[PDB]
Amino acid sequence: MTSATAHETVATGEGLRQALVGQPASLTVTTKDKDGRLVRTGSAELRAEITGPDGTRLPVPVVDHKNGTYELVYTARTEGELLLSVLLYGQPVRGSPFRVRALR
């Protein structure tokens, strides 16, 4: 196997752009190497956090699956636009920071 890179790591999910207050918002992060190929090791260093309208930071937990996919879920309780940052080895993945619309 090879090492995953942040420039080619892909994140998908409705939680990347929309969240309902009180409801868990989920997203999936897929790690890839420098050549854009899929890596299957589940020991990558992936961290995430979300920043509310007041600048308060809150972590977003990650569950490392056996393959090269990582499930991330968060429950927003303050409405407004949120900023979701996903870091792999300290570097933002492709697309992060994400702008999340949190309603209700």
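Numbering starts at 1 and runs along the sequence shown.
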| property | result |
| --- | --- |
| Per the entry, higher mean C-alpha B factor between 71-79 and 28-36 | 28-36 |
| Higher-scoring stretch by recorded Cα B factor average, 62-70 or 45-53 | 62-70 |
| CA B-factor ranking of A4, expressed as a third of its chain | highest |
| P92, C-alpha B-factor rank within chain (lowest, middle or highest third) | lowest |
| B-factor third for the C-alpha atom of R101 within its chain | lowest |
